[PDB]
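Enquirer: just need the structure, nothing else, for what follows:
(3 chains)
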Amino acid sequence: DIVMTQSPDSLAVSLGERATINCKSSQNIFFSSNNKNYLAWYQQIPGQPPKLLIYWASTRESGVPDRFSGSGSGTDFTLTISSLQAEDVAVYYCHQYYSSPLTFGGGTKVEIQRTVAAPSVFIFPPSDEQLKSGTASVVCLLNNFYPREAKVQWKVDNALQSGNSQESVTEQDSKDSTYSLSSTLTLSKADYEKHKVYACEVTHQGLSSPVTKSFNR
Amino acid sequence: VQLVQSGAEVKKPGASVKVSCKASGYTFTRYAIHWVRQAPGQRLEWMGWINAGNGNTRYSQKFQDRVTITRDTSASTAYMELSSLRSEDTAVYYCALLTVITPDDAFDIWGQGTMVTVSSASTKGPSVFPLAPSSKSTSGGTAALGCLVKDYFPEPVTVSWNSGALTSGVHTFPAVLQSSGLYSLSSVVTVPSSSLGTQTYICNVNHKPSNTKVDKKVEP
Amino acid sequence: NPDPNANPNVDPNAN
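Expert: Residues are numbered from 1 along each chain as shown, chains lettered A, B, ... in the order given. The coordinates are given below.
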C-alpha cells in the first residue's frame, strides 16, 4: 500500500502567519506520461466530512481561497496556507489515488496562537424537570478562554469533590480562536438534597487567583 | 449534488450492519460511490467503491471477507454491509463521490456520515433539560443558557438553536460516557442579558437511533 | 504507473 506520512502532526501559528504541511508518499505518485501527481488535499472540521481543497497536487477546487496552495512532485508534497485565517483551524489530510487501496495521511491539526483570554464562568443548578426524575446535574461553564489548559474543581458544602464530575472541551472556535469547557457534577437527588452550597472553582492563566461561582440549593 | 446517509446504529459484536446512501442532484449511474470510515481519533480508511451504473466493485483487502457494497439505481441509493462486527469497527462510515475529475467538471461530495457503534449496551433517546439563564449565569451584559442532553446511547445527537436561526456563540460540547454506559452533553449559548424578556430560545435535539426530535424552550 | 481503476471517478486525461 502507499503510506502517506504527514509532518508535523500539529501546527500552531498566529493569525496571518504562513502555515506549511508536508506529505511524503511511500512510493512515487508522479506519472510522466501526463505529468500529473495523483494527490489531493482535504480539510476536515469537527462534525463534518472532509472537504476537498486541492487535486492533482496543486489544482485548487473551485471556491477554495487562493491562500491555499499545493506544491511538490513525485513523493514530497506541500500544502501551504499563505496567511492563516481563524476559520482555517481544522485537520488537514493528504490523499493518493495512484493505486489501490486508496489511502490518506495521518492528518495535520492546525491551530491559531492568540492572546490570553480569561474564562467567563457560569453555573447552572439542576432544573426542576431533572430533579423530578431523581437525578441532579450541576453544570459549570467556562466560556471563550485561551490557552486550552484550565482546572475546574467542585466544592459541595465547601468540601472538595472527587469522582463525581466529568469535563468536555470544544475545538478551537473558528471566529475568536478560543476554547470552552463544560464540567458537570452528577449526584442522586437524595445526595443533592443533603447539601446547601454548590461551587465550581476555576484556575486559568488569565486569572491571577481561582474564581469561584456558587449557589445555594 | 448531495449524498444523504441512514441514521446511526448500534449492533452487537458479531452482528451485521447495513448503511444506506441516497444520492440526489445528478444522474446516479454516472459515477462510483466510495465508502470510507473514520474511527474516533484515527484517520480515514477507504473500504471500497461501487460503479453506480454496472454495479462492479473493488474492495480493500481489510474488508473483503466481510463487506458487501451494492446499489439500487431505481432508488438512487448505494449500500454498505459490514458483517462480523468487532468493537474496532465502531466508527463514522461515509459514502463519498471521491475526486470526481472529468473533462469539464471537478468536484468531491461526501455524505454526512453514519456512526455505527459496536456494543451490547442499551439504546436510549436523551432527556433534554433546560439550563435556564439566571443571576448565576450572567457575565455582565451577557447571559448564558443551554440544554442538558442527558442519558442517551449511542452517539450522536445533533443540537441546533431556534431551528438554525441562532448560531453565534453556540457551543455544543463533545459527549462524555457516564459510568451508566450512557452519554451526556450540554449545548450552551451566550445572548444579551437585556433581551431575556423579549426573545425565545429553543434548543432542537435530534437523536436518530431513537427518532428523537425534541424542542425544549429555555426560559429565564 | 497509476492504476486507473483505483478511483473510477478520475479521468487521467482531464488536465
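Enquirer: identify the residue spatially nearest to the most far-flung residue of chain A relative to its centre, adjacent ones excluded.
Expert: Residue farthest from the centre of chain A, counting by C-alpha atoms, centre = their mean, is residue A:33 at 41.4 Å. Nearest non-adjacent residue to residue A:33, counting by C-beta to C-beta, 6 or more residues apart in numbering or on different chains: residue C:1, 7.6 Å away. Heads up, the C-betas are built off the backbone N, CA and C, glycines and all.
Enquirer: ok, residue B:107 next?
Expert: Spatial nearest neighbour of residue B:107, excluding adjacent residues (C-beta to C-beta, 6+ apart): residue B:100 at 5.3 Å.
Enquirer: right, and the one you found touches residue C:8 too?
Expert: No: if you go by C-beta atoms under 8 Å, residue B:100 and residue C:8 don't touch, sitting 9.6 Å apart.
Enquirer: and chain B, which residues reach chain C?
Expert: Within reach of chain C by C-beta under 8 Å from any C-beta of the partner chain, chain B has these residues: B:31-32, B:34, B:49, B:51, B:58, B:97-103, B:106.
Enquirer: what sits against residue A:51?
Expert: Residues in contact with residue A:51, defined by C-beta atoms under 8 Å, 6 or more residues apart in numbering or on different chains, are A:42-44, B:108.
Enquirer: can you check residue B:205 too?
Expert: Here residue B:205 is in contact with B:126, B:128, B:147, B:149, B:157-159, B:212-216 (C-beta under 8 Å, 6+ apart).
Enquirer: quick check: domain ranges of chain A?
Expert: Here the domain parsing of chain A from curated CATH domains is A:4-113, A:120-216.
Enquirer: make JSON lines out of those domains and add distance to residue B:164.
Expert: Compiled in JSON lines, the domains of chain A are given as follows (distance: least, C-beta to C-beta, whole Å):
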{"stretch": "domain A:4-113", "distance to residue B:164": "14"}
{"stretch": "domain A:120-216", "distance to residue B:164": "17"}
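Enquirer: and for the closest residue to residue A:129 other than its chain neighbours, the neighbour number?
Expert: In space, and not counting its chain neighbours, residue A:129 is closest to residue B:129: 5.2 Å by C-beta to C-beta, 6+ apart. By other C-beta atoms under 10 Å in any protein chain shown, the residues close to residue B:129 number 25.
Enquirer: output the helix or strand containing residue B:129 in PDB with nothing but the alpha carbons.
Expert: Element membership for residue B:129, per DSSP states H and E: strand B:127-131. Coordinates of each C-alpha in strand B:127-131 appear next as PDB, following Å, rounded to 0.1, in the frame of the first residue of the first chain:
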ATOM      1  CA  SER B 127     -33.600  13.500  28.300                       C
ATOM      2  CA  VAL B 128     -33.400  17.200  27.500                       C
ATOM      3  CA  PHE B 129     -33.300  19.600  30.400                       C
ATOM      4  CA  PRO B 130     -33.100  23.400  30.300                       C
ATOM      5  CA  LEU B 131     -30.000  25.300  31.600                       C
END
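Enquirer: what is the burial count for the residue nearest to residue B:141 when sequence neighbours are not counted?
Expert: Closest residue in space to residue B:141, ignoring its immediate chain neighbours: residue B:193 at 5.3 Å, by C-beta to C-beta, 6+ apart. Applying other C-beta under 10 Å, we find 17 other residues in the vicinity of residue B:193.
Enquirer: again, but for residue C:3
Expert: 12.
Enquirer: that one contacts residue A:101, doesn't it?
Expert: No: using C-beta under 8 Å, residue C:3 is not in contact with residue A:101, being 10.3 Å away.
Enquirer: narrow the contacts of residue A:51 to those in strands?
Expert: A:42-44, B:108 (DSSP state E).
Enquirer: could you say what helices and strands the longest helix along chain A packs with?
Expert: Secondary structure assigned by DSSP state H gives helix A:128-133 as the longest helix of chain A. Under the contact definition 3 or more C-beta pairs under 8 Å, 6 or more residues apart in numbering or on different chains; DSSP states H and E, helix A:128-133 sits against helix A:189-192, strand B:127-131.
Enquirer: before we move on, which element is the residue farthest from the centre of chain A in?
Expert: In the assignment (DSSP H and E), residue A:33 maps to no helix and no strand.
Enquirer: circling back to that earlier point, identify the farthest-apart pair in the ones in strands among the contacts of residue A:51.
Expert: Within those, A:44 and B:108 form the most distant pair, 12.5 Å apart (C-beta to C-beta).
Enquirer: between those two, tell me which one has more neighbours.
Expert: A direct count of neighbours by other C-beta under 10 Å for residue A:44 and residue B:108 places residue B:108 higher, at 21 against 18.
Enquirer: that one reaches residue B:36, doesn't it?
Expert: No: assessed by C-beta under 8 Å, residue B:108 is found out of contact with residue B:36, at 11.7 Å.
Enquirer: identify the contacts common to those two.
Expert: B:96, B:98.
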